[PDB]
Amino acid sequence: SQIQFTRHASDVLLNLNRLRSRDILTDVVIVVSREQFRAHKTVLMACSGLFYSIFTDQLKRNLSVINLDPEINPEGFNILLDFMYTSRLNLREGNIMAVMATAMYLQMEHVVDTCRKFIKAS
């Protein structure tokens, strides 16, 4: 019965991305080979089965640094981190395989499914 605000969730996500761009209340750095990316653990948990499983565990919840598998492509990771904070996925012929493999590792099914649709559409 409540009044629905159709733009509200997008407004929240935009403001969370603005906080990330200023490093405000970021609480983790994700290390991907020679690169590092700061983020909010809450957003990572909201968007990734891997990060959900890491930070729900009381053993790991307070970690300030997460080292990803050294095989993960930093560009693929950055594309997916930007997707988490924007709802926009930068998929191209030159990055689809790295993005798809990274989304499998991060446990991000809708992106993996979208990568399969991209391949089927050539």
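Numbers for residues come from their place in the sequence shown, where the first is 1.
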query	finding
Residue stretch of maximal mean CA temperature factor, 45-53 vs 65-73	65-73
Stretch exceeding the other in mean C-alpha B-factor - 74-82, 55-63	55-63
Ranked against its chain, the third holding the CA B-factor of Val32	middle
Where the record places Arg22 (Cα B-factor, split into thirds across the chain)	middle
Chain thirds of CA B-factor: placement of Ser10	middle
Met97 CA temperature factor, ranked by third within the chain	middle
Within-chain third of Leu91 by Cα B-factor, per the entry	highest
